[PDB]
Structures are given as structure tokens and as C-alpha cells.
Amino acid sequence: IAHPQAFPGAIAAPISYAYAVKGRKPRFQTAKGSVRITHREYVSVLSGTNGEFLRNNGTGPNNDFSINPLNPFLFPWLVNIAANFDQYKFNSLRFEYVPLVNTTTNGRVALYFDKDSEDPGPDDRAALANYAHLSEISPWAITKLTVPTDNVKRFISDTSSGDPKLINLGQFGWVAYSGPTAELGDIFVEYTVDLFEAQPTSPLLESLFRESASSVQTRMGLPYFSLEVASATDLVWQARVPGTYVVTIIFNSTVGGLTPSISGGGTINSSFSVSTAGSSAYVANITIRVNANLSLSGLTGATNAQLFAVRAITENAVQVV
Amino acid sequence: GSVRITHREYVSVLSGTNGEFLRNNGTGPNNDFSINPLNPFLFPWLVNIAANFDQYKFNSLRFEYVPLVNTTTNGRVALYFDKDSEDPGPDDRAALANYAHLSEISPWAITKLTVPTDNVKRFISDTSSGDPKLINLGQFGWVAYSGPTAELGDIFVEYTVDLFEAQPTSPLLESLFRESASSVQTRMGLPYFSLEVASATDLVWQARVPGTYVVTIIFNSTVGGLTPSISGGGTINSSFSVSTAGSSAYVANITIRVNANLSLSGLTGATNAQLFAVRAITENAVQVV
Amino acid sequence: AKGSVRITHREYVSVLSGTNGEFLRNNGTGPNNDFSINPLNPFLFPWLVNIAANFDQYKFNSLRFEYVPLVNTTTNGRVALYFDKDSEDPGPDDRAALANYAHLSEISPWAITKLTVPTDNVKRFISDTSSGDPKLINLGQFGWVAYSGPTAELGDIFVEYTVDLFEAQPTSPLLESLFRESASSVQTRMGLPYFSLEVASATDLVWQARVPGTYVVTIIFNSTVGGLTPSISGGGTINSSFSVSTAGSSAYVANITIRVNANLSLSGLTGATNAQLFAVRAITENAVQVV
Amino acid sequence: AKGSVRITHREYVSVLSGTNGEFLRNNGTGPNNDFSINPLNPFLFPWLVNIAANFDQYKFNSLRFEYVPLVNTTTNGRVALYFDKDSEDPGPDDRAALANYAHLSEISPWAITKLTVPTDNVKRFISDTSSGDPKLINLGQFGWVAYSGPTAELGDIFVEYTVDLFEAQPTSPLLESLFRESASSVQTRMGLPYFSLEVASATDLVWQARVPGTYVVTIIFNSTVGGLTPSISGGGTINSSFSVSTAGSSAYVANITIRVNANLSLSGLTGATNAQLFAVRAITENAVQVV
Amino acid sequence: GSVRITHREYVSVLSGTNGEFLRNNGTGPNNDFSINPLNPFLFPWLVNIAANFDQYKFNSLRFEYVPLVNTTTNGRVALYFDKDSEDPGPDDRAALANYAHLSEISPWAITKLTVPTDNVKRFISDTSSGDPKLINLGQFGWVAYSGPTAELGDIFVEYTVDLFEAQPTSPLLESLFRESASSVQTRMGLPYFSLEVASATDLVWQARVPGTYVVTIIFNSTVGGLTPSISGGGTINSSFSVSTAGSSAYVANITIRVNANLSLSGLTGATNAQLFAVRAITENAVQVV
Amino acid sequence: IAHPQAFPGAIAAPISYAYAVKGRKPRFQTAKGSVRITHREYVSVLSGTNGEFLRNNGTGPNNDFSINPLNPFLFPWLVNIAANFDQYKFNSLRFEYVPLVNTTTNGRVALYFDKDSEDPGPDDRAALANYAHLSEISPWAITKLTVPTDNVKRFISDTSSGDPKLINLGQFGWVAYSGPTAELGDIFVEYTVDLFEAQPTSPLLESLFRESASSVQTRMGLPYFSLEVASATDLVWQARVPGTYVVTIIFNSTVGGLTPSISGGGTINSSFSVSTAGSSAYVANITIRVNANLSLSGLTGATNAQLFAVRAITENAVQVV
């Protein structure tokens, strides 16, 4: 109470803001035709690096900042339920940013939304302003971006099922420019979805395959991992969704073996490999963070690689060698 | 909220050749003729505004034909519209008639084609991007048969659109690049020019969209040298070149009015080439030489 | 009316910056000409310009500039936004002048403030802010000052507005053609004033960037061999580059992401005379790919 | 509307058949592509197709599939009709999957049941069910299963509906052109998918019939003499036949009454490469009469 | 108070030349075509009345094209209007279409262009005087492309104006003078004629505004002598000359119908020249000789 | 809202105060006999230097901290109006200090007023306390000093028109001791004046003249500039009122030329000089700040100097050389 040597109308700067977030139970109810879920999930931490215009942290705006739900990155918990249904319609959708940082911090954090599910980046701070659905604040403050929800059922689907403009509501994205190099705030999402048409459960595994020589890569299932380097010397996959996985990787080298590592944040808990001839196989129980890499290095004449990833817990350990 | 534009602009010159059922001037029912505000072929003017938005909805849409040709001209021009953006197009003059939305007249007379507007927002997008059935209101086309072989008339589009949801401006230039050697070519921005031939000997680009441009062509040659020429309805107004071994650069202010090619042909041992094109005017003249 | 389109939007003006122990009006830019409210002015309205290039007349219904801090809470000093109805009057030189402006707003750099300029009821022409009498074509002048603070980027200035545009016309050029000579001094410019010409020697060519953003530049000139010396004497990033230089003829194309008010320099020139700049606005994936 | 025609009708889908001690979804056909509800799909809508070939868009107002037993009252087992909104999702593999479908109907083979699929309010395109994104063009997917029964024809499945069609266009081809090579592997198809190509060897040519009915087929290919070996490896009747075969060039035309999902086989081939099928639908009095 | 005139009068003949996108007959979008009552180019009749007033406001404004040419003529004529009095004009036929106010037809047919009148009084003034954006409603223009090379049609202006505030009559003659040597030339009054060449050898003036005039040309020669000739659509009806050393005088009653020049050509060693022009009729014939 | 681990009665220190100042339109109205103006103008920035007892910034308390109005330093805008009148009477008069600085700053800023228009300085912090009209605060705070207004018309006049005690209401002044070396706050003045007796407009130029040998210097007009050094080698004038001027300087040296510069904050925009014999003349278009110097150096045997200063804008540039 009571602030020194001040006239009213003054605005007084504190040194830091604490906002307190508590756990939130989900609400289900059936609107006669639809099941309706309200819940709050954790999107991602929002970081910036110094002297960079850092868009979506590292990453950049791709196809798993697409709203559909069914999207492990945006809706970790909801994915499981949504797999049991054929189509969805968002009622309310809000992204909320809770500062991680004190008010001497400085810089800008901004949240944006665009209806073009596969809208490219805002290229710089000036472009970033042109969005219709934008929130720009100091990193030490709190804010929230409300996404306009339309009134049309679209299919619940992984981003590898025809035109993303048909299945996804839009795209979420953030930017941090100026400012320090740090983790600036939490990004939560509050939502209310209606799910329609119960069906037999969609699979929640990932199947990412490349050839070599044809140069195309094909993905089915959820985008847990992404393929970043082709090569015949190296194979690197990148974690898009933090968590523990049991990944199975099979490929065609010409003899030699492989050298696995986790560049970035992550640990390998249980390796097993068998590599020879023109066939190699590596199955592992990894825990990994967003934008970390699982690299298979020291390869020699490697074409044709396929990855199978499923969510597990650390204790689903590989036991042979 | 939304903005609403009402305007009339230039589509293309409608030509026919003798003894030939000739659709879309010989291009065939391409991707060029899909109705979408980011498509500079039908909307050279609108595209500047559409670049700033995400969605569109047409409220009114007409195409118009105004004769360049005189009253003793034989023949037929027809304007049509199919709701299916990737409709094949008609083969004979009898199939041409089955369209719901058609206008046939003598080539020396005016006619309008009124296309049915629906009530669904679709995405403003480059026509070779999303599912054409999802993003385009449909395709527009024309046919000219029973002689002669001339540039028959001008075609205008007249519309009223609502544009929704502002976004950062989609690029209003073209960046078309090819190697040579990998046979792949990537286009960025509006499809003003296409790349037609890429040999070590010659380099030609076809102008799809009529108007005045500033172009920057840069390529990897060896010894190089080059010779600019506009094949057809075109004109170089201001020219600049610099050509040595390894790399050469051409900068020009040109005006194209039909599918005219511009050719860089004196080339010896060339590979990578890139085109930059942007809608300009004649007083944006190159002046260095 | 129904040749009348009406736009409501919020876009990016500029970054408000200060230098330590200086007044610094408009980031030190100076010539209060590219701060005239016409729109059309790609400095104030970088998003509206693509639309207004297609029209002859404009009327603002509401117009408001907004300052959002980039700087932290312990920062000292003061930023100020002002507006004069006379787009031709010179800026404020001292703080005493700044305070007499009828439409002024000042707050400490870590806080948010805004300025609402008053709109009248007259249609004016969308034109160059150099294409005739300022008082006939511009609603007025905008500007900012930052004093007694540190030397840094203090905040972003946005503009929010609702305009009516009238009378569709063929598009004004959305690119820049900037020509110079040598042998003369004449410096004719055509199109938007994205870049300006600081000096054209025979040793060096310097273009200063009046408008933040990503571009694709084509610069062409007459020297006597040499050339290759490109650099950004400000905050920017030559994201893609192509050069070719021989005798009395050389050419440079590049995909720079210039910003605030940076700089473009061609250093190793030797015996240069004629020169010309071609600027268009692009993203980065419009990247040059030949070398 | 008045480019809008509205049709109400009941036509023949297919015969529902089972094999003893098997699951047997869609008679064992497999590729859940020719069971997409577009209409246009000559499997589901063999009567509507002649109309819908003249239009660009469709909207279903009511749609219902009906099972009428062909089998007697002591027959054991169970038939099941299902519908998924996602025309692209794979079929049910086990009975457990079958049961989770929201729109499902199961009854013993000697009884009558029916399934009412729910119609929405959106216009979609009449197209190939291979001419682009399934979810954009198809209302959904239909399918059936017959388990724990005998191995026989259990019943007829009819579809009853009321559609609006919109936008008259020039007619989509009501015939089939199916080409193959040798020397290659490319197998381009054009028109309705009446027949499919199982194998093109050099010894044998086998076309499987996806659509029950009476046809007039023209098959043409390149061998090195031989040819004459026509047969129906299913339920059907070559009602009329004409053959001619010499060197690298032979040709077969015939008025088959193929059905359920029968087969067409050219056996005695020798050194065959290119081949092409031409299918049109006809009666039987369209009988070939030259030999 | 105010007066209100409704009238129709002659603007200019609209011509095209073959294989050429030809605007405003070749003059280019000049100062001539600014819409203002004191501008004898668009308002040869109104100008007599406007001379007596200070301000004007158009209530109605249309331009009209009536074909001089027959039905087998190919081509295009377009009438346009831009609100910006100093609009550059269109470069190609595609930019031409972007105007809000345009009319394109076959050259053998009638067409009208209705220009939007606003509600602001502006000053009646000579068009090269005040800021063109302040004093002119806008510019009118025309283009003719796709052949042939003829005088295609007549152009009329039809309007209704309110004129405000009477003033002493602005001069209804021209006084164009040049020296020679100083390169400066001063015009006074209506811009009927322009001075095109001023050498010691020859002296030509171009008639901008169609009609019949009486002209008085006087110049400083040395020994002099002179030869009158009208280059193009023109005619001398009545001629008088007196030419000695030091100074000579020409008085003529002429009729001009397009941009025709009249040439005084036999000159030897000439400098200062002045032209006096006034709208007359044929029976105002010169009779002394 | 809500402060951590606190009992009521606590006083909580923020880290900085933002006060927001907006533009203020002037109000005119006639009290039957007088015109009455209410407005807010910018006096000066208030700075202190470290380890100094800094009184009136550099300067020191002279005759242009005198209240009269008619005083360019105290009333930039009002001067123009006041020139059209013969006498004035202040109704309300308040000086307001708005902090420029955060609350870790420390030191003291003080505002004082004294009726003796030509009261000398407070000599030290102890003397500064003895004023009756004083406000002492921390530099990070806001405050205002209300000047007692009497009820007597006095003449509107520049400080060079007889006894300053007759024409000026009093003297304003400030002090900053202890504390850092920085610009601490803005000083605004809010006022309501009555102006009486319309007359033909008083001149608003400056005429400052010195001789040499007589040693006296005489000023007419406004105190924009002041003469600081006599000399025969140098002439330095000092800006008392920030702004752009067209200054004309004429003097008697013995041949030689002159070397102009602006020591302190300021730039010269357009010079012209002609210097010879026993006469020299320099006219310039300068922009200058408070307490900067316009020096004419490299002089040689210089007696007798006169300055003419008028306010201009930068574009009134001298065009000859």
C-alpha cells in the first residue's frame, strides 16, 4: 500500500510481476451431437536471442503451428481424445503469455494469428505489425491473443492429408526482437472444442520416410520429428514435440555402422543397433526437447531412411544389444 | 474488418488463328485463368491490394469483350466460365455450347459474360499453390473459331470483391531462378514471366501478363556477350547490359502486350539464370549504359 | 459512394531511437518531408502504400499513432510524439518549442502513450509528398523527439487509421528509380522514396535507406574496373548478393534487409560517373542465387 | 435457383457377398477409393452418373443405403453397413473397429436393414474420386462387411437419395480409356473407372470389372501373333465376340455382361507390350455381329 | 449571384496513327487537357463567358465521340478522365483500363464518357498558372490504338456549370512574344497558338485550338521578305503582308482544324517576333494588299 | 495490484515513475478591461552535475529568471502576445517539475521563488532552505511550486527598462545538489495572466552593444544572448534562450579576420563575413542551446562590438558569401 513522493495519475513501475498459474481440470459435456471439451494446455516456452529477430524460437513458422487438434505441439493432452473423432470446431481459442522475466528485461514479444494455415513468416518487425490478430508487449508483462473462431466443421487430421487450408483453422506464431537472449515467458492455450462423429481410433505414431534418390520425403501420422539432413554421411532428425519416444530407424547404407548422438537438449536412455551390408536398424528410447537433433553420423553411402516414433515413458527401455 | 473494391481492369487481348478452334489464344486452359485475386493475369490491378489480405469473396463478376476488329470480319468469339477451376476445356464448338455460362458473338461486336458469384470466402493465393477447387471461384476462358487470324478484341474484367483479414504484404515482384544443371526452377512472387528455354546458347522468357516492367536478368556464362530481342508484341524502352566471363547482367524497362518472348541469345556456355520482374512505368527508365 | 473503398488498419511507422545527451528529432533524419501524412508515404504507411498507389484521393476518418516501449523500466528520459497541421513547417528544435505544439504527447520511454491527430473532412490527393504544394496534399506532419535518455532503440511507433480512398487510377510505380550524373549533378528520382543518395563520388557510392524493410536492389554504374566492396553502414543484412564488374559498366543486385535508417556502400570504386538505383520491396526468399 | 436440377431416385449399388470364415469388407475389393460418395462414382451411382456427368457441383439432401436379403432364413452370420465422413480413412479391419463407427447398421443376412447417412449443407464438386482431395469432393465413404456367415451372395444393396446438381457443363466422358506400357509401367486412365488392370505381362492380359453391368469392350494391343483366348474368371457372359489378331497388332471387341466383380482374361498372348481398354456401358442387343 | 450555363461544344478531332499507342493525338498528356472553364482547348465557347468570372463549379460533365470513320475501320478509341490534373497518362493498353472513368469502343461507333462532378468551387484560371491540383477538376484524355492512321472522329464536351463572382473581363485574345535573343517568351491571354520554331531563317506557330482567327504577326528582320504557308489542316482565307528591312508585319484571317502550323519561312536574319490572335469569322476578311 | 509479503501502512518504492504530459491549448477571454490568457509553457530542463551545488544549471540567477512576460526563457509562446500590450497582472502562477529519472537516482532538486526580481543566489544548501517559497524533493519525484500572485499591474517590459523591482513579479530559480550528473526533470510553468492596454507592437529583437574603451555594455530588447567576454582577441556571446536565430554582429578590430565557432550545443547553418580595416561584419543563421557560446576568435585589436539577434527558422539562410 502507499507509494513515496507521488501525485495521483503517476504510473509506478514494479521490479517484477508474479502471476500464479494453477492446474486446470478439463470439462466434458455433450451438445447432443458433439462432445465439448474445455481445457488449458502448454504450447511452448517463448525465447528470444540477442540481436536477432527470433521467430517461433529457432524453428520458423511451419506445419505444426497449425491449429487442428490433433496437433501434439499445440494440444499435447487433447490429441488422445481427438484421435477418436472425425471432425472438430473450435468455439473459443485464446493464447496466453505469462512473463518469466523481471521488468528490467526489455525487448518485445509478440503473438500473432493468421487464417492461412500455411502462411509464411513475418519477415521483419515491420511486416509483423501488419497482422490483423496481433499482440505486442514488453516481455515482462502479461497478454493474451484471442483467435477468431469461425463456424465450420473441418476434419481432425495430421498435417499430411491434403490441403492444410481445409483442415486447419489457422496458424499461431510468435516473435521476439530486440531484447536479451533468454526464456521470456510461458505460452498457454485455453480452448473449447466440439468434436464430432465418433470413429475407430486414429493412429498416433509417426512414419517419416525419405528417398534418395527420388529426393522426396513422405510423412504419415503426427509431426513429432522432422527430417533436416539427407546426406549419405549423416542423418539428422529434429524433435518438434518435447517428450520421451521409442524411435525405430531403418535405412540403406553400404556397410559401416552408425554414430548416434543427441545434439541440443536431450538424452538417450536405451540404444540398440544392428548395422551391416545394405541394411541397418537403430531402435532407441530417447527423451528430447524442442529443436534438439537426433543425428546418425559416421554413415557411409546411405540412401533411403525411415523413422517410426511413438510416445513412451523412459521405462519402456530397449533390453537387448 | 473487410474492404470492398469495385473496379474494371485489363485481362488480355483475344486472338484467333485461321482454320483453328483456338482456346485461350493457344495456351490451352492453363493455371493462368483461375479466378483468384492474387492472379495477376486476370487481376493486374487488384493484385496490389489482394497481396495485403488473406481471404476474398466476389459479389459481382463480369468479363467484357470489346472489338479491335472491323465489321467485315468473319468468325466467332466465345467467353465461358466453368465452376471447376481445373476444368479441361471444350474440344469442339459443340461442347463449347454446353457451358452454363457462355457468350457467343460475331467478333466485331461487344458482349459480356456474367459469372455467378457464390457466398463462400476462399483464400487469396497464388493459383499454383493450394487445391484449385478450394481456392478458386472457377476458371474463365475464351475460344475463337472460323477465321481469320488476327488480334480480335480486348477483354476486360469487371468485379466487386470483399477482402478479409489483413496480413503482411505478399511479394509484388517476381523472382524466377533456374539451374542448370539440375533442371529445377523456382518461382517466387507473381507469375509475370515464365522460363521457356534454358540452353547454354539461348535464354528466353515469355511474358504472360501485359504491361510495362522493369526486369533484372542475371546469369552465369563463360566469356558471355548477349543479344536482347523481343519476339512479338513487345518493346525495349531502356536497356542496360554488362557482360563478362563467369557472370553477366541485363537490366531493362520493357512493355509487353501479348505473350511476347524476350530473348537473350548471343550466349556462349551459360547455366544458372535468374529473373527479377516488377510492375513499373516508362519513366522508370534505365539510364546507365 | 461506390468508387470509394474504406480501409481500417494498424501498421509500422518506425523505431523511435535516442542518442545520449542529445535532442534527436526523428532519429536525426532531418528533412521534415518524408513525415508528411499522405499515404503514399511509405515511411508512415508501408502497408497502405500498395493500396493507395491505385487511387487518386484520400480522406482520413481517424488517425492515431502509438508508442510501445522496447526499453526497460529503469530507462531514463522522455519520448514525445507531435503533430502539426502545416506539413511544411520545420520541426521543433528545443524542448520549449516541442511543448507549444497543440497536439503533443510525452511519456517516459518505458511506458505506452499515443497521439490522436485530428482529421478533417476534405478529400486530398494521394501523391508524392514532393508532387506539389504540401498544404494541398498532406493532412499534416508527424514527428517524434527523444531527450535526456540513453542512446538506444527506445520503442516502436505504430499508426492506426481508417481511410477512405477515392477514384481508381492506373497504379503509381511501386518501385524506385534513382538516377545520378556525373557529368552534371542532376539526381532525378522516380517512384517511392525508399532509398536516398548521400554521395556519388568516383571512389564511393552511398545510399541511405529511408524505409525499414526487406528489399531487392539493383545498382548499376560506370567505373573503370574494381567495384566489389559492399557493406551495411547501419543495422542490416545483405542476405543475398550478386556482383559483376568490368570496364565502364558494372552492376550489383542484392536482397538486403535494411532497417531503422541504415546504409549501403560501394567502396572500392575507381573512376565512377553515372549510377542508378532500382529498389523494390520483397521478402527474403526472393534471394539472389546466381553468383 | 434455376441452374439447379433436383433428382430423387433409388438405384443399384452392389451385391453384398461373404466368404465362409472370413471378415470380407467390401467383397474383398480393398482400395477404399471407389466407395467414396461422389456421384460420378459409377459403383455407387450407376444411374445418376449419366446425369451428373453434365454438372459441376452436387449437394445431397437425403441419402440412404438399403440391404435386401437374397439369402434364406436359415442362413447364419451377419451383414453390416457403415459410413465414415472421412472418405479417405481406411476401412474397418476387425469387428471391433466396425462397431465404433458412429453410423453403423448390422443385421442377420436374411433380414432387411438400412443405413441413413447424414447429409450436410455444402456444395461439393462432381469429380473422379481421384481428381483431388477426397475430403473436399466426397460427402464420405460407404462400405459393408459380412462375417461369421456362409460363402455366398447374401443380398442386394440399394441406395436411395435426393440430390441437387448445379452448374451445367460439357459432358464428362461416359466411357473408359485405359492405356498401358510396356515399355514403361505407366498406366494412364481416362473416363469412368469401370474396369481396372490387374496385370499386363506379355503372356496374359487381365482386366477386373469394378462395376456390374452390360458393356461393349474394345481391347487393342501389340503382340507377335496368337491372341484368341477370351474368358470370364468370375460371374459373367461374353454375349457377343469379335477377334482379329496378326503381328504386333491385335484387337478384341465383345458385349460382356460382367457383374459383382468378375474378370476378363486374354490368355494365349505372346510377346505383348502396349495395350488399351475402351469400355462403354450398353444393353445386350448392342451385340457384335461380325466375326 | 451565380450564373448557370448548359452547352455542348467542340473539343478536338481524335486521330490515330498506325502501329502506335497514341494518346492525345501525339501531344501527350499536356497542360492543354486540364478541365477548367478558361481553357479554350476544351471550352472554346465557354471561355468567352468564363473570362467574366472568378470561380466555377461543374454540375454535369460528359465528353462525346462521334465517328468520322466508316464501319470497316479497325482499331480502338478510348476516352478517359483522371481526377489528378497532372496525371502522367497510361503507357500501355493495360494501364489504360485501370482508370475509373473510361470508355472504349470500335472507332466507327458513338460513345460517351461521364466524368464525376464534385461540389467544390475552384478558380477560373489559365491552366498554366496556379497549382493544377487546386484549380482544375481533372484532366481529360484519349488514346487510339490498333490502326489505322486517320482522323477517326470528333470529340464534343457537354456540361452544366455554375460560375461565381463577376470580375473585369480576362483578355480574350492572345499576345505571344519572343526574343531572340534571350530565349524567353511570354504569353498573354488564351493559349490559342504556341511558338514552335524561332530562327533567323524560319518562324512557325502551331495552332492548338481549332477554328477561324484573325492573326497579327510582327517581327524584326533585316531585309526580310517572307513566305506564309499552313502545314496541315489549315487555310489562309485573307492575307496581307508588308516586309522591309528592320521590321515586317503579317495580317491574316485563317482557319485551323487540327494542330496545324503556319510558317513564315522566307525570313533572313530575324529576331524578335510577336503574335496577336483573336477568335474571328471568315467575313472578318483582310482586304488591303 | 497486490504487493508481496507486506503489512498495510508499508510504503512501497517503485523503480520509476511515469507521468504523462499532453499538449495544452491556450485559453483567451476578455475580463471587460483585460485579455486573460491561460497556458502552459516549457521553462527549462533541470540538470545537476556531480559533487556540485548546481544553481540554475550553469548560468546562475540573473535577469531572465525574472517573471515578466515578455520573458522568452520563461514564456516562449506568450512573448509574442504580450508585446501587443502595456501591462500585465498574474492571476495564478505555478511551476511544475516532472521527473526525467528513475528512483535509484538520488540527490535533491529544489524549486524556489523570491519577490526581489534581482535577488542574488542562495549560496549553499543551508541558505536555500531559508526561502519562504521553496519545494525540496528527491529527483525521481514530482512536485510543483506555487508563486504568490499579488494584485498590482506592472509594465510589460524587457529587463533593460529601469528598476527590475518595478516591472517583474519576482524571480524563479532551482538548485540540484548531491546526486548524479544528469538531466533530472522537465520544468513547466502553468499561468493565467491578464494583459492590459493594447498598444502598437513592441519590438522583439535584441540589440546588445559594448565599448571599449568605456567598459559598459548596453542591451535593448529581449535577452536571447548575453556578452561574456570582452577582449581584443575574442568575442563570445552566450545563448540564454534556446532557438534558431539570425544574428548580425558588427565590430571594430584592426584588420585581420575572425574565427566563428559554437562552443557547447549548437550548429551554424549559414555564415557570411566581411572583415577588414577597422570594420568587420558577420551575419549568420545559428541554432543554439541554453548556455552554448557563439565565439568570434582570432580577433586582433578588437574594440566596440554590437549584436543584433532575431528569432528565425533555419531556412532563413544567408545566401551570399
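Should a chain be cited, it is by its letter among A, B, C, D, E and F, assigned in written order, with residues numbered from 1 in that chain.
As a convention for this text, a contact is a pair of C-beta atoms (placed from the backbone, for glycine too) under 8 Å apart; a residue touches a chain by one contact, two chains touch by 3 or more.
Listed by chain with UniProt protein names: A, B, C, D, E, F = Capsid protein.
Just to note, of A-D and B-C, the chains joined by more C-beta pairs in contact are B-C.
Taking the mean of the C-alpha atoms as each chain's centre, chain C (Capsid protein) and chain E (Capsid protein) sit 41 Å apart. Here the CA centre of chain C (Capsid protein) is 36 Å from the CA centre of chain F (Capsid protein).
Multi-chain contact residues of chain F (Capsid protein), defined as those touching 2 or more other chains: 15-20. In summary, the structure contains touching chain pairs A-B, A-C, A-D, A-F, B-C, B-D, B-E, C-E, C-F.
Note for the complex: chain C (Capsid protein) touches chain E (Capsid protein) at residues 3, 54, 56-57, 123, 125, 127, 131-133, 136-137, 166-171.
On the side of chain B (Capsid protein), the complex with chain E (Capsid protein) involves touching residues 7-10, 44-45, 66-72, 108, 151, 154, 156, 210-212, 255, 257, 281-283.
Within the complex formed with chain A (Capsid protein), the chain F (Capsid protein) residues making contact are 3-4, 6, 8-20, 103, 137-138, 140-143.
Chain contact summary for the complex, chain B (Capsid protein) toward chain C (Capsid protein): residues 1, 3-7, 45, 48-49, 51-52, 166, 168-169, 171-173, 175, 177, 179, 188-189, 214, 216, 218-220, 240-242, 244, 246-249, 251, 272-274, 276, 278-281, 283-289. Per the touch definition, chain A (Capsid protein) reaches chain B (Capsid protein) in the complex via residues 114-116, 119, 122-123, 127-128, 130-132, 162-163, 165-166.
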